[PDB]
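Written below as structure tokens is the structure these notes are about.
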Amino acid sequence: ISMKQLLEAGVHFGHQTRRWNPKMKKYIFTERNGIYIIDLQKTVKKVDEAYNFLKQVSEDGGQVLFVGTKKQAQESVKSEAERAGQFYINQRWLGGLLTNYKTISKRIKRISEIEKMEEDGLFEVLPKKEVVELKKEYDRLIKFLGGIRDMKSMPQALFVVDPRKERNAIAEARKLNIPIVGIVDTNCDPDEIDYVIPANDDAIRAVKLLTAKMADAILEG
RNA sequence: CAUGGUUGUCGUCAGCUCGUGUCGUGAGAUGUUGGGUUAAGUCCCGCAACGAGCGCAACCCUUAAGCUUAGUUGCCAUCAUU
Ligand SMILES: [Mg+2]
Ligand SMILES: [Mg+2]
Ligand SMILES: [Mg+2]
């Protein structure tokens, strides 16, 4: 990426000074209109490191999980993950998604079973009330577990659009020692994330640019 | 007041719990709370919970309406008769 591209994206924009995290001071360049401005020069170097890492994991064939429950990133996470053929979560992070994957795995299997029953044509045989509730279960499973249906093993890396929003995802990854690549805004804390990209996560344009670049690395691998 | 079996009672009240995960030094907690909703821990939505079980409900019996099958010991409209 280039600084001009980043400036157009709105990556430089940051949260209000009051809501900042002091640990991210290095990344901050200046304060304008009561908003800290991310240093793009640091961002470009950071983007490169994460891009290299994601290409490396993709070269190894390691799976990557994209998390963007934030409204801005929901659409971007879905599209880029599909492009790169990687797992995504854009609705809600179920507690114990990775730590309790033994239970979660069964829920993934359930989605296939519900489809199988429809394919079998048991659905017509089943009582209407039972078929309605079965459909409702399936839709709920698709809503939350749709992105990771294909996943059968722990993702080699996680991509998080907003670490502060996705606290549970960060915690589970750190417990399981999974490397984290994240878009960290001024408010967020960078210590937890292994690969930190300092950027605005409140802009659809900004998130899309960064997630696309990461997807490209996965595509390259 | 050594017991099995059987029973009353709170109360047919909507509870009571567990596995895995997570949190807590720990006893614990979460789930099971919250916003609505229901007869209902009923259901929905949200939510470090994700699920599951015993309860709830439903399946059963009886009662309130038809159809088809059958018609004696039941019934008698169509007629004779008593
Ligand atoms: Mg209780
Ligand atoms: Mg229940
Ligand atoms: Mg009952």
Side-chain angles (χ1 to χ4, degrees), chain A residues 15 19 21 23 57 62-79 81-82 86-185 187-196 201-202 204 207 211:
Chain A
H15 294 272
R19 301 192 294 116
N21 191 299
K23 304 166 197 61
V57 302
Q63 307 161 356
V64 177
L65 176 54
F66 293 84
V67 191
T69 62
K70 190 172 191 171
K71 180 272 169 183
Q72 291 84 300
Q74 291 190 240
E75 52 274 59
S76 306
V77 151
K78 154 79 163 296
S79 52
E82 291 173 301
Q86 291 292 356
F87 318 134
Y88 64 91
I89 296 292
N90 65 299
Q91 232 65 54
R92 154 185 164 68
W93 180 279
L94 305 182
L97 197 63
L98 303 182
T99 56
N100 199 5
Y101 187 83
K102 305 305 176 60
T103 308
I104 302 298
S105 61
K106 305 169 74 282
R107 302 304 297 172
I108 300 289
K109 297 178 185 63
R110 177 56 174 177
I111 312 181
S112 304
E113 163 63 6
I114 300 178
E115 290 170 358
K116 177 63 175 301
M117 284 183 287
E118 176 271 355
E119 297 160 4
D120 290 359
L122 306 176
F123 198 89
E124 68 181 359
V125 182
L126 289 178
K128 177 214 62 60
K129 195 161 296 180
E130 297 192 4
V131 316
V132 172
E133 72 189 1
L134 185 64
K135 262 188 174 301
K136 172 176 49 181
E137 183 188 1
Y138 173 82
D139 299 0
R140 186 171 300 113
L141 288 170
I142 289 295
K143 180 181 180 183
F144 294 144
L145 300 179
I148 60 170
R149 283 186 60 188
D150 38 356
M151 185 173 68
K152 301 166 184 176
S153 60
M154 290 292 89
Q156 275 55 61
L158 261 79
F159 180 84
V160 174
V161 170
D162 185 3
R164 189 145 163 176
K165 187 177 190 303
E166 313 292 0
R167 286 319 304 173
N168 295 359
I170 301 297
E172 286 195 57
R174 292 177 71 238
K175 290 262 293 184
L176 299 183
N177 304 118
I178 301 175
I180 311 176
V181 177
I183 307 172
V184 183
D185 213 350
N187 69 313
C188 310
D189 175 356
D191 300 2
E192 310 102 6
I193 310 94
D194 300 12
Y195 300 89
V196 166
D201 52 7
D202 304 66
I204 168 65
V207 54
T211 190

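Quick note on labels: first sequence line is chain A, next is B, and so on, each numbered from 1. Hydrogens, waters and symmetry mates are skipped; everything else that's a heavy atom, side chains included, is used.
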### Message
Tell me if B:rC60 and its neighbour B:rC59 stack, counting it only when ring centres are under 5.5 Å and the plane angle is under 30°.
### Response
no
### Message
Taking A:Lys23 first and then A:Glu192, would you say they form a salt bridge - that is, a charged N and a carboxylate O separated by under 4.0 Å?
### Response
no
#### Entry: Comparing A:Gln91 and A:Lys106 on RNA chain B - which has the more 5′ nearest nucleotide
A:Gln91
#### Entry: For atom CG of A:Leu94 and atom P of B:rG31, their distance in whole Å
16 Å
### Task
Return the nucleotide paired to B:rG24: Watson-Crick means purine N1 to pyrimidine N3 with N6-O4 or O6-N4, wobble means G-U with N1-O2 and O6-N3, both under 3.5 Å.
none
### Task
Starting from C1' on B:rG51, measure out to CG on A:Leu141 and report it in whole angstrom.
11 Å
### Query
With rounding to whole Å, what would you report as the distance between B:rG41 and B:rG11 at their P atoms?
16 Å
### Paired, B:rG5 vs B:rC75, Watson-Crick or G-U, distances below 3.5 Å
no
### Query
Contact class for A:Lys109 (heavy atom, under 4.0 Å): base, sugar-phosphate, or nothing?
nothing
### Message
Any side-chain N or O of A:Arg92 below 4.0 angstrom from OP1/OP2 of B:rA49?
### Response
no
### Query
Rounded to whole angstroms, how far apart are CG on A:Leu97 and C1' on B:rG51?
14 Å
### Task
Tell which nucleotide pairs with B:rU72, taking only Watson-Crick or G-U wobble pairs whose two distances are both under 3.5 angstrom.
none
### Task
Would you indicate, from the sign of the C1'-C2'-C3'-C4' dihedral, whether B:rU25 has a north or a south sugar?
north
### Query
Taking a positive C1'-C2'-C3'-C4' angle as north and a negative one as south, how is the sugar of B:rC23 classified?
north
## Note on the structure
By nearest-nucleotide position on RNA chain B, the 5'-leaning member of A:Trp93 and A:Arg107 is A:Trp93
### Task
Choose from B:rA48, B:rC44, B:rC50 the nucleotide whose nearest atom is closest to any side-chain atom of A:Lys136.
B:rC44
### Message
Looking at B:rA48 and its strand neighbour B:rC47, I'd like to know if their base rings stack, meaning the ring centres are under 5.5 Å apart and the planes differ by less than 30°.
### Response
no
### Message
What does the B/S/- profile of nucleotides 17-24 of chain B look like, 5' to 3', with a 4.0 Å heavy-atom cutoff to protein?
### Response
--BBSSS-
### Query
With rounding to whole Å, what would you report as the distance between B:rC47 and B:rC60 at their P atoms?
41 Å
### Query
Between atom CG in A:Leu145 and atom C1' in B:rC50, what is the gap in whole Å?
9 Å
#### Entry: Pairing between B:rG28 and B:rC16, Watson-Crick or G-U, 3.5 angstrom cut-off on both
no
### Message
Is it the case that B:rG21 and B:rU22 stack, meaning their six-membered ring centres lie under 5.5 Å apart and the ring planes differ by under 30 degrees?
### Response
yes
### Message
Need the pucker for B:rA65. North if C1'-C2'-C3'-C4' is positive, south if negative.
### Response
north
### Query
Got A:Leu134 and A:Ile114 here, is their nearest side-chain heavy-atom distance under 4.5 Å?
yes
### Message
Could you tell me how far B:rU9 sits from B:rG35 if I compare only their P atoms? Round to whole Å.
### Response
37 Å
### Task
Answer yes or no: is there a donor N or O on one side and an acceptor on the other, between the side chain of A:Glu166 and the main chain of A:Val160, under 3.5 Å?
no
### Message
A quick test of your reading: do over 12 heavy atoms of other residues, nucleotides or ligands sit less than 6.0 Å from NZ of A:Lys78?
### Response
no
### Message
When the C1' atoms of B:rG21 and B:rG31 are compared, how many Å lie between them, rounded to an integer?
### Response
10 Å
### Query
A:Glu166 CD to B:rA48 P: how many Å, rounded?
10 Å
### Task
Report yes if at least one side-chain N or O of A:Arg167 is closer than 4.0 Å to OP1 or OP2 of B:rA48; otherwise report no.
no
### Message
Using only atom types and a distance under 3.5 Å, with no angle test, would you say the side chain of A:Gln156 pairs donor to acceptor with the backbone of A:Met154?
### Response
yes
### Query
Any ion pair linking A:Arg107 and A:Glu137 (charged N to carboxylate O, less than 4.0 Å)?
yes
### Query
Do both conditions hold for B:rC79 and B:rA80, namely six-membered ring centres separated by less than 5.5 Å and ring planes inclined at less than 30°?
yes
### Task
Identify whether B:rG51 and B:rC18 are a Watson-Crick or G-U wobble pair (both distances under 3.5 Å).
yes
### Distance, rounded to the nearest Å, where A:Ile89 contributes CD1 and B:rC50 contributes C1'
13 Å
### Query
How long is the line joining OH of A:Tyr101 and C1' of B:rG51, in whole Å?
16 Å
### Query
Given the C1' atoms of B:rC59 and B:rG15, what is the spacing between them in whole Å?
23 Å
### Spacing of the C1' atoms in B:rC10 and B:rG5 (rounded, Å)
24 Å
### Task
Examine B:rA48 and B:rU7 and say if both key distances are under 3.5 Å for a Watson-Crick or a G-U wobble pair.
no
### Query
Atom CD1 of A:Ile148 to atom P of B:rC50: distance rounded to whole Å?
13 Å
### Check: A:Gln74 side chain, A:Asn90 main-chain N or O, donor-acceptor pair, under 3.5 Å
yes
### Task
Taking atom P in both B:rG26 and B:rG36, compute the distance separating them and give it to the nearest angstrom.
36 Å
### Task
Between B:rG4 and B:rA29, how far apart are the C1' atoms? Round to whole Å, please.
40 Å
### Query
Is there a donor-acceptor pair closer than 3.5 Å between any side-chain N or O of A:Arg149 and the backbone N or O of A:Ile111?
no
### Summary
Once the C1'-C2'-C3'-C4' torsion sign is read, positive north and negative south, the sugar of B:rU17 turns out north
### Task
Scan side-chain atoms only and decide if A:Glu115 and A:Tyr138 contain a donor-acceptor pair under the 3.5 Å cut-off.
yes
### Message
Could you check whether any side-chain N or O of A:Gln86 sits under 3.5 Å from a backbone N or O of A:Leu65, counting only pairs where one atom can act as donor and the other as acceptor?
### Response
no
### Message
Going strictly by the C1'-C2'-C3'-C4' torsion (positive north, negative south), how would you label B:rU12?
### Response
south
### Query
Would you say B:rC13 pairs with B:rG8 if a pair means Watson-Crick or G-U wobble with both distances under 3.5 Å?
no
### Query
Stacking between B:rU37 and B:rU38, judged by six-membered ring centres under 5.5 Å and planes under 30°?
yes
### Message
I'd like to know if the side chain of A:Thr211 and the backbone of A:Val207 have a donor-acceptor N/O pair within less than 3.5 Å.
### Response
no
